[PDB]
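sequence-free structure coming up:
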């Protein structure tokens, strides 16, 4: 009765993991600039 | 600052993601490569972390934690260590929520104290039952949990012999278990189902001379050869310091050999005067002494280790002999039958010593069809005297398999709403992470993690029976009582407590300074 | 599944494809050229091939340990052990990935198939036992099955009578050290001689007679090299060389007293383990006793089993211990170096087979043929059941595996049928070396067994389906059970690998 | 020198793995449930995310010639289907993989394997012809079946969840063309911003230009003129002429003659009686004020592609050589006004004289969807236009490949011999195409496909695979149907291209220059 499985490639997140980490660095940048209590940046 | 928190958590998440598939009897095995190229295939998380390249100190702390956990039960090591790693993800959110790390560590400690009384509620008492039910419970307790690998198909042959091995070493007065008295052997060849159990000590080394008879016949004694252990080296006496022998005549130089020729005679005569037959020692033999040793029908073995002589001294029930002057009839051993068997084809032989009466030395013959299985067999063969040691110390017996972790989680979750305060999101975060053990069982068995919690909640809550759990064997019932999945109370209690005590440290890590090795 | 197991499947198949040409009696031998010492070896058996080849895949090194198991137990035809496990890895590339089935379920499908395979091997076994008249005569044809898998098969009918008479002289001896195999350069394989006795590659002394009848042979472990070694840390303290010259000369007479104790035995032949000085060697000439020396370890052991004697260190008592006697010890020169030929042994305790060949690579490789063939003869005496080989056994098991697949049904039948399809690829690979049609030969053999004929089989000589009983193809149950049970469990461990951990090199 | 040559040993294995390695990227793009891919370009640091391999495999550098012909034949698929055409490379990769396993087992000569695919392709054409259904006899059901044909072909992009909002776009637009197969008539404009469902179908033309200075933003009952004449640059000549003058008096007369040149040019334009003027090039300031004095609209900077689309949609004609005012035609629209779509306001036309063409307004969330919706609408009405020509259709969605497997299996019995192995291999590889499709949605490709295989042999043609619920559903109930002309070119070209790749016994790599 077990069956189920349906896995095949074992790293579906590998492509979508580091991209979120790269997006989190961008997301963490606006967290410090958000709201009137936020901070500014220099480019 | 707080950026180091994710550095330690992601390091543990990478380790937990590797061993995630290693949980449960349906799990898979990791290959362990040594720097010299030796291959080790095992499911034990302690052995995987033993030989590996590890950077963070947390991975080294898991080895120290596994040392105390492997000495308790000895099975399902993957289903224990990883449970503490899941608390780091729940604590990571609490850091985002602003909870102090000490408040997180103290929260996991208070929530683990209530799990003691909830686990001992329905636990069965095996002390009231006789020794017949004690053997029947222990026989079918390991069969599900014990084998994670290889022989776990045919393990029924190993489980039947594992139960009969403890009965000889354990007296009926109270219950006592000593795992150092029973050794563990192994062989490469044949099949895995050919393992046999003989009562006595079995030496893997064989005789040192080709013409030595393999099998010995019974005699006027116990039918044994009256085996004796000789620690003194076999050789003519040699002064440990220098010796200068002045030779003034041909006779003085010729009588030097007459000495050792008489020493070889007196050494063998003392064996015949006492009536002994097979005598083994730690050191080797001479060229001329092997002739008179064979003609007198005195089988012997050389280069015997000191660890093997311990189980031999128990089977013989004699005394260690430091010098040849201590040989006596009363110091001889008592054995029943001793046989020697050649194994694969041309492979060497082994001395199997049998004891008619019940003794404390039981050696289980081990056979396997691959060398990688033998290295795997080191962990797989004997977990028994560690498991039964928890049953004999505490008669309380519970049922594992992922069922109790969900029951105790809902009990703490109900107690979390009573305290309110900061203990609400704390205790609930601890109980919510305890479902990873049955959830991982749903990964190998292919069950819905959402339906996993809903199935146990609709049963273990309304019905007082907590035995409802994940079935990975593909049967028609989720009850662990009918499927015979048994874990020791005091053994599993230590697995839960030691897992929570690990969080008293890692959660408080802030700064790390590593000096040059 | 993808990055977890990648080289574990194709890499193991590529190793089996190299030895694919070595499988079967019509196969060919592979040359092993070592990068060091500039040596080479030609061997069919995968025990030496897989050991000396560099293996980057850890799963390929595991195939060496399972090969060593069949090397000691069987030793012949061990190539199909790793090849059968390679086909299970090919089917696992689909059912696990394509069909999306958990590897443990695929393993469980092979676990239930392994239990059904053991039932097909026991029920199909033929019992040859009891009377040894027709049994020993059948051992001639039974041996020819696994006797020669090499290109040397021209020696089959010649060595068939020698291997049969070898166990006849042993009279039930199961020890492989009781047989003596001699490797001699030059000549032909048909020139191999078999006599009752032992032939040593050493020689006699200078004045020792070439023919001695009714000689009594006695060996020993002593050391005649010179003087007396005594104990450790000795020295000679004398006033001058007058006493020193006597001490060295007297011990030559003291050793003569030990030789005088040898003369009390009345032996016509003496054998020493270590070298012998010229003076005690000449004393053997005065007594008319042959001398043999330069035996490291097994030199005196191989002759003790043939003569049935015992090592006597003390030489004290000419009563107890053992005295061996051979009818004719005459030295017989064979080939280049002179050999010592013994005949008329006291008993049948041992036997000796002499082999001759032109190529040195043929002597070392054919030694494993007779060494493994005698092991088969000892197993046919112990195990009374035998089966039929030649590609038929794989199709018989496929009938039982397909039968069990109907009872289990479900999605595990894909793994059960894949095990049967893996058993169908072995005779395809077996017949691939002969170069005949696979679809023609397999379809005739597979369909004939479903019709109730179990006596058919693959014939690679004539390229058709013939009776295995008429061609003399017979395999013992001990050989068939050891190969199938080990190969089924060999790939069981390889399918449990969910990750690859590569340690840092030293 | 430096010529690396591989014999039949290396070239046979290297050519098969080349199409399988790169082919793994287009296997997950099959069907509406297929996924997309990402490509990192070293130049300009751009990327293209789409399920169509025509713009994917073309920009992927590859040293394996086996997939080089697969990219060139994608243009044929780009000229026929255009959406979900990656199955041509997937099926070809399966034929190369099955033949690689066929030569390792059957060990027959590769030319015999090709002869099996030749007889197997004949049985596939018979199953598609007998199952072809022509609904064009009933005009009521024909216009309704165009929606069912649309729902199959219009699901490609990530936005396919909006197909219900986009189905009305292609339904009414194909009825406005009335036999126009060219994309130059179809007006496709991209707009950044707004909701994903804000795309609507308007009758008219949408211009991204504006009015220069005094031109009223709302003009009613205007005559639209299109001219290729030069205005902005004026005097530019290009004669063999040179300029020589005695004094600055006649120097200004040349500029006065420039005014007389434009005054006489606008006089011929004023004789047209137009309220709207359009030029291919820019308009100079002096004629720009003359357009406002006479009440004439001004439109400039119409490129070569846009100058045609003005007259094609409105039914007008590009007019040059103003000396013939009454010999040409003038475009007319009911309402000419400036609207605002997104940030950039656009010029809207209403009540075109000729309804031969239509304008599709496209508004989307991100710039990635701009080129993504362009690829989905690259072939949209043209696919429906090919159904207007060839009206025979057959149920698609993975079932048609299973129907052909029954015809190949039936033909394999009449053939038999040793050539049936290659015929059966084509049937086994064809049944793996819907198997990969089921793998893209994460559903069961084992039990469902096994039931669909037995269902075709039981005589049920309408049986198919349901993408949403992951079960067995009829394609007539779901509305999944494809034309006979499109699927015939997909199966045939995939087999013809696979015959060439199996013939490579050698790979020669010349030294780069």
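It's in. Residues are numbered from 1 along each chain as shown, chains lettered A, B, ... in the order given.

Could you pick out the residues of the stretch 301-450 of chain C near chain A for me?
C:410-411 (CB under 8 Å from any CB of the partner chain). For the C-beta atoms, the positions are set from N, CA and C on the backbone; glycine is no exception.

Spell out which parts of the stretch 301-450 of chain C neighbour chain B.
Going by CB under 8 Å from any CB, the residues of the stretch 301-450 of chain C near chain B are C:301, C:304, C:310-314, C:320-321, C:375.

Next to chain A, which bits of chain C? Give me the list.
Residues of chain C lying near chain A (CB under 8 Å from any CB): C:1-4, C:97-98, C:100-102, C:105, C:410-411.

Between all of these, which two are at the greatest distance?
Maximum pairwise distance among those (CB to CB): 29.2 Å, between C:3 and C:410.

Which helix or which strand is home to residue C:364?
Using DSSP states H and E, residue C:364 sits within helix C:360-382.

That helix packs against which elements?
Under the contact criterion of 3 or more CB pairs under 8 Å, 6 or more residues apart in numbering or on different chains; DSSP states H and E, helix C:360-382 touches strand C:40-43, helix C:132-147, helix C:156-170, strand C:179-185, strand C:351-357, strand C:475-476, helix C:477-494.

Please pull up the helix or strand immediately following that helix.
strand C:385-387.

Looking at the residues of the stretch 301-450 of chain C next to chain B, spot the one nearest residue B:153.
Once CB to CB is applied, the member of those that ends up nearest residue B:153 is residue C:375, at 28.7 Å.

What count of nearby residues applies to the closest one?
22 (other CB atoms under 10 Å in any protein chain shown).

residue contacts, it?
Taking CB atoms under 8 Å, 6 or more residues apart in numbering or on different chains, we find residue C:375 in contact with B:345, C:74-75, C:176.

Those residues in helices, which ones?
Per DSSP state H, helices hold no members of the contacts of residue C:375.

how far away is the residue in chain A positioned nearest to chain B from residue D:359?
Nearest residue of chain A to chain B: residue A:4, at 2.2 Å (CB to the nearest CB). With distances taken as CB to CB, to the nearest Å, residue A:4 is found 51 Å from residue D:359.

Next: residue B:412.
65 Å.

and the angle from the helix holding residue C:364 to helix C:132-147?
On the basis of axes from the mean of the first three to the mean of the last three CA atoms, to 10 degrees, helix C:360-382 is oriented at 140 degrees to helix C:132-147.

Kindly report the residues of chain A close to chain C.
A:2-11.

among those, which are within reach of chain D?
Restricting those to contacts with chain D (CB under 8 Å from any CB) yields A:6, A:8.

What about the residues of chain A next to chain C, which are in strands?
Residues from the residues of chain A next to chain C lying in strands, with DSSP state E as the criterion: none.

quick one: the lengthiest helix in chain B near chain C?
As assigned by DSSP H, the longest helix anywhere in chain B is helix B:250-274. Yes. Interface with chain C: helix B:250-274 contributes B:250, B:253-254, B:256-257, B:260-261 (CB under 8 Å from any CB).

Looking at those, which is nearest residue B:496?
residue B:260 (66.1 Å).

Spatially, which residue comes closest to whichever residue of the stretch 401-506 of chain C sits closest to chain B, not counting chain neighbours?
Taking CB to the nearest CB as the measure, the stretch 401-506 of chain C has residue C:498 as its residue closest to chain B, at 3.6 Å. Leaving aside its chain neighbours, residue C:498 sits nearest to residue B:28 (3.6 Å; criterion: CB to CB, 6 or more residues apart in numbering or on different chains).

tell me which strands and helices the longest helix of chain B is in contact with?
Right, helix B:250-274 is packed against helix B:289-295, helix C:241-263 by 3+ CB pairs under 8 Å, 6+ apart.

Tell me which of these sits most buried.
helix B:289-295 (a mean of 21; mean count of other CB atoms under 10 Å in any protein chain shown).

Is there proximity between it and chain C?
Yes. Using CB under 8 Å from any CB, helix B:289-295 reaches chain C at B:289-292, B:294-295.

Is it correct that residue C:15 is in contact with residue C:62?
No. The criterion here is CB atoms under 8 Å, and residue C:15 misses it with residue C:62 at 11.2 Å.

Give me the more crowded residue out of those two.
A direct count of neighbours by other CB under 10 Å for residue C:15 and residue C:62 places residue C:62 higher, at 27 against 22.

so residue C:386 makes contact with residue C:126?
Yes. The pair residue C:386 / residue C:126 is scored as a contact, 5.1 Å apart, by CB under 8 Å.

Quick one: residues contacting the residue of the stretch 351-500 of chain B found nearest chain C.
Closest to chain C within the stretch 351-500 of chain B is residue B:371: 3.9 Å, counting by CB to the nearest CB. Neighbour list for residue B:371: B:188, C:65, C:68 [criterion: CB under 8 Å, 6+ apart].

can you do 10 Å?
By CB atoms under 10 Å, 6 or more residues apart in numbering or on different chains, the residues touching residue B:371 are B:39, B:186, B:188, C:62, C:64-66, C:68-69.

go on, residue C:370?
So residue C:370 contacts C:143, C:147, C:159, C:162-163, C:166, C:179, C:181, C:192, C:353, C:355 (CB under 10 Å, 6+ apart).

thinking again about what came up before, which non-adjacent residue is nearest the residue of chain A closest to chain B?
Nearest non-adjacent residue to residue A:4 (CB to CB, 6+ apart): residue B:446, at 2.2 Å.

gap between that neighbour and chain D?
12 Å (CB to the nearest CB, to the nearest Å).

now swap in residue B:274 and tell me
Taking CB to the nearest CB, one finds residue B:274 at 73 Å from chain D.

For burial, what's the neighbour tally of that residue?
Neighbours of residue B:274 (other CB under 10 Å): 16.

Can you tell me the element the spatially closest residue to it that is not a sequence neighbour falls in?
Excluding the flanking residues, the one nearest residue B:274 by CB to CB, 6+ apart is residue B:329, at 4.9 Å. Assessed by DSSP H and E, residue B:329 sits outside every helix and strand.

Compute the first-to-last residue distance for stretch B:392-412.
29 Å (CA to CA, to the nearest Å).

any idea how far that stretch is from the chain center?
Distance of stretch B:392-412 from the chain centroid (CA atoms, centre = their mean, to the nearest Å) equals 23 Å.

That one near chain C at all?
No. Figure legend: stretch B:392-412 not in contact with chain C (CB under 10 Å from any CB of the partner chain); closest approach 16.6 Å.

If you count neighbours, what's buried in that stretch?
For stretch B:392-412, a neighbour-count test (16 or more other CB atoms under 10 Å in any protein chain shown) marks B:392, B:394-412 as buried.

Please apply the same query to stretch C:457-469.
Buried, per 16+ other CB under 10 Å, within stretch C:457-469: C:457-460, C:465-468.

want to throw these into a markdown table with distance to chain B and secondary structure?
A markdown table is the format used below for the buried residues of stretch C:457-469 (distance: CB to the nearest CB, whole Å; DSSP: H, G, I helix; E, B strand; the rest coil):
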| residue | distance to chain B | secondary structure |
| --- | --- | --- |
| C:457 | 27 | coil |
| C:458 | 28 | strand |
| C:459 | 31 | strand |
| C:460 | 29 | coil |
| C:465 | 33 | strand |
| C:466 | 32 | coil |
| C:467 | 32 | coil |
| C:468 | 26 | helix |
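
can you tell me which two in those are farthest apart?
C:460 and C:467 (14.5 Å).

how about the residue nearest the centre of chain A, what does it touch?
Taking CA atoms, centre = their mean, the centroid of chain A lies closest to residue A:20, which sits 2.3 Å from it. Residues near residue A:20 by CB under 10 Å, 6+ apart: A:13, A:27.

likewise residue C:408?
Listed by CB under 10 Å, 6+ apart, the contact set of residue C:408 reads C:109, C:112-113, C:116, C:415-416.

what's the answer for residue C:333, then?
C:203, C:210, C:339-341 are the contacts of residue C:333 under CB under 10 Å, 6+ apart.

Cool, thanks, talk later.
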